[PDB]
There are 2 protein chains.
Amino acid sequence: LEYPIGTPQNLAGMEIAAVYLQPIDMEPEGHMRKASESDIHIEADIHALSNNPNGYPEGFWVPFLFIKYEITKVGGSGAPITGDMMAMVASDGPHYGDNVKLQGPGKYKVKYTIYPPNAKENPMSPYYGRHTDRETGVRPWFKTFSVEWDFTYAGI
Amino acid sequence: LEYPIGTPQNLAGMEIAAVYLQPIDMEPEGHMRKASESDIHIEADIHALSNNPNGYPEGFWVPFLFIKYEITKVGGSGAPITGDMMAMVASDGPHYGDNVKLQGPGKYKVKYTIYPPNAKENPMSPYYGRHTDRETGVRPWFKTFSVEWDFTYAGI
Ligand SMILES: [Cu+]
Ligand SMILES: [Cu+]
Ligand SMILES: [Mg+2]
Ligand SMILES: [Mg+2]
């Protein structure tokens, strides 16, 4: 049970999909905006495609990424809604998500900015490596990229 | 090119396997002991079994763990070789590993201590969550555990 935001986009051997669902509760406490003060839990579902250049087998979750989002109401007066997702696990597996408060029903544009593990902006840079030798190594990390979709929200 | 250390062990809906290979090169530099100054690249392969209680589908890599290792030469009289693995990716996928200097050919005992994402000892604790709500939540993280195996090293 989830609500898709547009259709998934394929880049650098990965599938990037955007979805939302009801606000959630998460451990550790204090990271997510409280469910009672949110409208949705927005998610980025990122999985490896066949022949992924960073060594992930097809269908694997791509871990240690850092995702920033920008949600803008189309024809709205208000400014965009921005934030950072957090890596986490739910009953459907690991993902990147965040509890968001929107600006009522209507048309929205959503932009995700996806940072690789080595990006300056990624706080997980010192904790994740990549083999670089010819025998066991992989291609360099993909470069930071943005993906966008349109969606209509009505209250869930 | 991976050499097995004993047989994999199953615990809390996860398969825990130990392997080693020749030392590797890794980005970012300064984390791994240099390939020339090492004997092996030790690894912990941890994947979800069926009906994993933390929401991982079968075969998925279990991310954001922290592994400490203790390698003892059987009848060696030398002090145990200790260290922390690091999460990383190679051509066969993500894993936990480290470049290690051994104490020559012979029989060794290897002990891994596996810390869940919420362990005090785990440095990635503030970067990974777990849904706890009725609709999308998963069971609490497993408790820190250790696993041991014997292996005979002769060089590679
Ligand atoms: Cu989530
Ligand atoms: Cu490695
Ligand atoms: Mg989901
Ligand atoms: Mg391996």
# chains A, B, ... in the order shown; residues from 1 in each chain; ligands from 1
>>> residues_near_ligand(ligand="ligand 3", cutoff="9 Å", atoms="only C-alpha atoms and all ligand atoms", output="ChimeraX atom specification")
/A:1-2,19-21,42-45,89-97 /B:136
>>> calpha_fit_and_write(fixed="chain B", moving="chain A", output="PDB file with C-alpha atoms, in the first residue's frame")
ATOM      1  CA  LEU A   1      38.052 -16.342  -6.413  1.00  0.00           C
ATOM      2  CA  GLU A   2      38.057 -16.361  -2.598  1.00  0.00           C
ATOM      3  CA  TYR A   3      39.002 -18.626   0.297  1.00  0.00           C
ATOM      4  CA  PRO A   4      36.199 -19.685   2.666  1.00  0.00           C
ATOM      5  CA  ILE A   5      36.783 -19.716   6.451  1.00  0.00           C
ATOM      6  CA  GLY A   6      34.728 -22.675   7.754  1.00  0.00           C
ATOM      7  CA  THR A   7      31.032 -22.914   6.833  1.00  0.00           C
ATOM      8  CA  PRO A   8      28.399 -20.093   7.118  1.00  0.00           C
ATOM      9  CA  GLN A   9      26.396 -19.805  10.361  1.00  0.00           C
ATOM     10  CA  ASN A  10      22.699 -18.801  10.588  1.00  0.00           C
ATOM     11  CA  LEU A  11      21.429 -16.453  13.284  1.00  0.00           C
ATOM     12  CA  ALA A  12      18.395 -14.131  13.688  1.00  0.00           C
ATOM     13  CA  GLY A  13      17.316 -14.578  10.028  1.00  0.00           C
ATOM     14  CA  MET A  14      20.766 -13.874   8.601  1.00  0.00           C
ATOM     15  CA  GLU A  15      23.543 -16.005   7.077  1.00  0.00           C
ATOM     16  CA  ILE A  16      27.075 -14.964   8.318  1.00  0.00           C
ATOM     17  CA  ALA A  17      29.951 -16.240   6.172  1.00  0.00           C
ATOM     18  CA  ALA A  18      33.655 -15.537   6.558  1.00  0.00           C
ATOM     19  CA  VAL A  19      36.057 -15.467   3.564  1.00  0.00           C
ATOM     20  CA  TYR A  20      39.421 -14.002   2.627  1.00  0.00           C
ATOM     21  CA  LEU A  21      41.174 -13.060  -0.609  1.00  0.00           C
ATOM     22  CA  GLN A  22      44.216 -11.089  -1.744  1.00  0.00           C
ATOM     23  CA  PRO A  23      44.706  -7.579  -0.177  1.00  0.00           C
ATOM     24  CA  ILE A  24      42.796  -4.907  -2.075  1.00  0.00           C
ATOM     25  CA  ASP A  25      42.868  -1.149  -2.953  1.00  0.00           C
ATOM     26  CA  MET A  26      39.915   0.990  -1.793  1.00  0.00           C
ATOM     27  CA  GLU A  27      38.462   4.557  -2.207  1.00  0.00           C
ATOM     28  CA  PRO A  28      38.629   6.590   0.055  1.00  0.00           C
ATOM     29  CA  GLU A  29      42.355   6.108   0.626  1.00  0.00           C
ATOM     30  CA  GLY A  30      43.837   5.920   4.143  1.00  0.00           C
ATOM     31  CA  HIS A  31      41.204   3.643   5.711  1.00  0.00           C
ATOM     32  CA  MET A  32      42.623   0.261   4.663  1.00  0.00           C
ATOM     33  CA  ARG A  33      46.095  -0.869   5.703  1.00  0.00           C
ATOM     34  CA  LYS A  34      48.020  -0.740   2.316  1.00  0.00           C
ATOM     35  CA  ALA A  35      47.784  -3.940   0.214  1.00  0.00           C
ATOM     36  CA  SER A  36      51.667  -4.163   0.065  1.00  0.00           C
ATOM     37  CA  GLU A  37      51.744  -4.340   3.915  1.00  0.00           C
ATOM     38  CA  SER A  38      48.951  -6.901   4.178  1.00  0.00           C
ATOM     39  CA  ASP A  39      48.566 -10.667   3.686  1.00  0.00           C
ATOM     40  CA  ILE A  40      44.765 -10.901   3.165  1.00  0.00           C
ATOM     41  CA  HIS A  41      41.541  -8.956   2.750  1.00  0.00           C
ATOM     42  CA  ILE A  42      39.219 -10.521   5.320  1.00  0.00           C
ATOM     43  CA  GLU A  43      35.490 -10.318   4.744  1.00  0.00           C
ATOM     44  CA  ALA A  44      32.166 -10.847   6.467  1.00  0.00           C
ATOM     45  CA  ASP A  45      29.390 -11.764   3.983  1.00  0.00           C
ATOM     46  CA  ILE A  46      26.049 -11.152   5.719  1.00  0.00           C
ATOM     47  CA  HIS A  47      22.763 -11.717   3.845  1.00  0.00           C
ATOM     48  CA  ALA A  48      19.131 -12.063   4.885  1.00  0.00           C
ATOM     49  CA  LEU A  49      17.523 -15.483   5.030  1.00  0.00           C
ATOM     50  CA  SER A  50      13.777 -16.104   4.321  1.00  0.00           C
ATOM     51  CA  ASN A  51      11.428 -14.442   6.892  1.00  0.00           C
ATOM     52  CA  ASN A  52      14.235 -12.087   8.175  1.00  0.00           C
ATOM     53  CA  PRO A  53      12.703 -10.233  11.236  1.00  0.00           C
ATOM     54  CA  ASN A  54      14.225  -6.814  10.315  1.00  0.00           C
ATOM     55  CA  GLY A  55      12.392  -6.464   6.973  1.00  0.00           C
ATOM     56  CA  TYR A  56      15.128  -7.605   4.589  1.00  0.00           C
ATOM     57  CA  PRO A  57      13.979  -9.738   1.634  1.00  0.00           C
ATOM     58  CA  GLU A  58      15.831 -13.052   1.217  1.00  0.00           C
ATOM     59  CA  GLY A  59      19.352 -12.671  -0.243  1.00  0.00           C
ATOM     60  CA  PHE A  60      19.650  -8.933   0.450  1.00  0.00           C
ATOM     61  CA  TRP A  61      22.897  -7.626   1.897  1.00  0.00           C
ATOM     62  CA  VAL A  62      22.367  -6.525   5.558  1.00  0.00           C
ATOM     63  CA  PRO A  63      23.668  -2.915   5.583  1.00  0.00           C
ATOM     64  CA  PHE A  64      24.880  -0.463   8.263  1.00  0.00           C
ATOM     65  CA  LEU A  65      26.325  -3.170  10.539  1.00  0.00           C
ATOM     66  CA  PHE A  66      29.618  -2.677  12.394  1.00  0.00           C
ATOM     67  CA  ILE A  67      31.952  -5.749  12.437  1.00  0.00           C
ATOM     68  CA  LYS A  68      34.921  -6.278  14.755  1.00  0.00           C
ATOM     69  CA  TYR A  69      37.279  -9.267  14.253  1.00  0.00           C
ATOM     70  CA  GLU A  70      39.709 -11.224  16.454  1.00  0.00           C
ATOM     71  CA  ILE A  71      42.148 -13.627  14.691  1.00  0.00           C
ATOM     72  CA  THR A  72      44.254 -15.911  17.017  1.00  0.00           C
ATOM     73  CA  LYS A  73      47.072 -18.258  15.847  1.00  0.00           C
ATOM     74  CA  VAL A  74      46.404 -21.761  17.373  1.00  0.00           C
ATOM     75  CA  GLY A  75      49.400 -22.791  19.492  1.00  0.00           C
ATOM     76  CA  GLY A  76      50.974 -19.442  18.536  1.00  0.00           C
ATOM     77  CA  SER A  77      53.046 -17.392  20.969  1.00  0.00           C
ATOM     78  CA  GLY A  78      51.774 -14.048  19.633  1.00  0.00           C
ATOM     79  CA  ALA A  79      48.673 -12.205  20.851  1.00  0.00           C
ATOM     80  CA  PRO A  80      45.396 -12.107  18.788  1.00  0.00           C
ATOM     81  CA  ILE A  81      45.161  -9.818  15.742  1.00  0.00           C
ATOM     82  CA  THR A  82      42.168  -7.475  16.190  1.00  0.00           C
ATOM     83  CA  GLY A  83      40.466  -4.801  14.120  1.00  0.00           C
ATOM     84  CA  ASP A  84      37.287  -3.355  12.645  1.00  0.00           C
ATOM     85  CA  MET A  85      35.952  -4.024   9.163  1.00  0.00           C
ATOM     86  CA  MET A  86      34.511  -1.305   6.951  1.00  0.00           C
ATOM     87  CA  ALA A  87      31.403  -1.476   4.721  1.00  0.00           C
ATOM     88  CA  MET A  88      32.376  -1.332   1.030  1.00  0.00           C
ATOM     89  CA  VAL A  89      31.555  -2.513  -2.502  1.00  0.00           C
ATOM     90  CA  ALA A  90      33.543  -4.819  -4.896  1.00  0.00           C
ATOM     91  CA  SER A  91      32.723  -6.611  -8.236  1.00  0.00           C
ATOM     92  CA  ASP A  92      30.864  -9.350  -6.229  1.00  0.00           C
ATOM     93  CA  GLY A  93      28.724  -6.722  -4.365  1.00  0.00           C
ATOM     94  CA  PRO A  94      28.674  -4.940  -1.009  1.00  0.00           C
ATOM     95  CA  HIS A  95      30.387  -6.495   2.045  1.00  0.00           C
ATOM     96  CA  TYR A  96      32.352  -5.736   5.227  1.00  0.00           C
ATOM     97  CA  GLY A  97      36.090  -6.136   4.843  1.00  0.00           C
ATOM     98  CA  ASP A  98      39.554  -5.167   6.053  1.00  0.00           C
ATOM     99  CA  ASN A  99      43.190  -5.629   4.892  1.00  0.00           C
ATOM    100  CA  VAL A 100      44.975  -7.704   7.608  1.00  0.00           C
ATOM    101  CA  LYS A 101      48.613  -8.679   8.295  1.00  0.00           C
ATOM    102  CA  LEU A 102      48.735 -12.268   9.722  1.00  0.00           C
ATOM    103  CA  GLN A 103      51.539 -14.098  11.673  1.00  0.00           C
ATOM    104  CA  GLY A 104      52.709 -16.565   8.972  1.00  0.00           C
ATOM    105  CA  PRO A 105      51.352 -19.987   7.858  1.00  0.00           C
ATOM    106  CA  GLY A 106      49.391 -22.151  10.324  1.00  0.00           C
ATOM    107  CA  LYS A 107      46.035 -22.769  12.073  1.00  0.00           C
ATOM    108  CA  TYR A 108      43.968 -19.746  13.103  1.00  0.00           C
ATOM    109  CA  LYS A 109      40.753 -19.102  15.016  1.00  0.00           C
ATOM    110  CA  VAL A 110      38.594 -16.165  13.707  1.00  0.00           C
ATOM    111  CA  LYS A 111      35.859 -14.489  15.774  1.00  0.00           C
ATOM    112  CA  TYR A 112      33.516 -11.869  14.324  1.00  0.00           C
ATOM    113  CA  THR A 113      31.488  -9.597  16.635  1.00  0.00           C
ATOM    114  CA  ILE A 114      28.494  -8.219  14.705  1.00  0.00           C
ATOM    115  CA  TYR A 115      26.891  -5.003  15.977  1.00  0.00           C
ATOM    116  CA  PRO A 116      23.341  -4.007  14.942  1.00  0.00           C
ATOM    117  CA  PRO A 117      22.702  -0.412  13.604  1.00  0.00           C
ATOM    118  CA  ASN A 118      21.520   0.829  17.042  1.00  0.00           C
ATOM    119  CA  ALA A 119      24.465  -0.520  19.092  1.00  0.00           C
ATOM    120  CA  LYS A 120      26.472   2.037  21.135  1.00  0.00           C
ATOM    121  CA  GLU A 121      29.652   0.731  19.424  1.00  0.00           C
ATOM    122  CA  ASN A 122      28.159   1.217  15.886  1.00  0.00           C
ATOM    123  CA  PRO A 123      29.248   4.651  14.465  1.00  0.00           C
ATOM    124  CA  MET A 124      26.391   4.524  11.920  1.00  0.00           C
ATOM    125  CA  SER A 125      23.640   4.591  14.653  1.00  0.00           C
ATOM    126  CA  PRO A 126      22.477   8.179  13.855  1.00  0.00           C
ATOM    127  CA  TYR A 127      22.202   7.449  10.075  1.00  0.00           C
ATOM    128  CA  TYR A 128      19.900   4.427   9.871  1.00  0.00           C
ATOM    129  CA  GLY A 129      16.404   3.936  11.135  1.00  0.00           C
ATOM    130  CA  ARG A 130      13.681   1.383  11.506  1.00  0.00           C
ATOM    131  CA  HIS A 131       9.914   1.775  11.225  1.00  0.00           C
ATOM    132  CA  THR A 132       8.245   0.666  14.511  1.00  0.00           C
ATOM    133  CA  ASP A 133       4.488   1.124  13.714  1.00  0.00           C
ATOM    134  CA  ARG A 134       2.257  -2.013  13.376  1.00  0.00           C
ATOM    135  CA  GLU A 135       1.484  -1.470   9.646  1.00  0.00           C
ATOM    136  CA  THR A 136       5.028  -0.927   8.194  1.00  0.00           C
ATOM    137  CA  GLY A 137       7.289  -1.728  11.165  1.00  0.00           C
ATOM    138  CA  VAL A 138       9.730  -4.527  11.787  1.00  0.00           C
ATOM    139  CA  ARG A 139      10.901  -6.420  14.894  1.00  0.00           C
ATOM    140  CA  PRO A 140      13.642  -4.727  17.043  1.00  0.00           C
ATOM    141  CA  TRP A 141      17.235  -5.005  15.843  1.00  0.00           C
ATOM    142  CA  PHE A 142      19.020  -8.292  16.711  1.00  0.00           C
ATOM    143  CA  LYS A 143      21.360  -8.034  19.719  1.00  0.00           C
ATOM    144  CA  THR A 144      25.183  -7.888  19.250  1.00  0.00           C
ATOM    145  CA  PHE A 145      26.501 -11.430  18.742  1.00  0.00           C
ATOM    146  CA  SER A 146      29.784 -13.249  18.079  1.00  0.00           C
ATOM    147  CA  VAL A 147      30.507 -16.092  15.664  1.00  0.00           C
ATOM    148  CA  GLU A 148      33.716 -18.190  15.424  1.00  0.00           C
ATOM    149  CA  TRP A 149      35.505 -20.460  12.929  1.00  0.00           C
ATOM    150  CA  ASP A 150      38.837 -22.286  12.525  1.00  0.00           C
ATOM    151  CA  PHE A 151      40.914 -22.010   9.324  1.00  0.00           C
ATOM    152  CA  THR A 152      44.386 -22.899   8.024  1.00  0.00           C
ATOM    153  CA  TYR A 153      46.479 -20.233   6.216  1.00  0.00           C
ATOM    154  CA  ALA A 154      49.455 -20.965   3.870  1.00  0.00           C
ATOM    155  CA  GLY A 155      50.130 -17.692   2.000  1.00  0.00           C
ATOM    156  CA  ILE A 156      48.292 -16.584  -1.176  1.00  0.00           C
TER     157      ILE A 156
END
>>> select_by_dssp(residues="chain B", states="strand (DSSP E)", output="PyMOL selection string")
chain B and resi 3-11+14-21+26-27+40-48+66-73+81-84+86-90+93-100+106-115+128-131+145-153
>>> select_by_dssp(residues="stretch 3-151 of chain B", states="helix (DSSP H, G or I)", output="ChimeraX atom specification")
/B:35-37,125-127
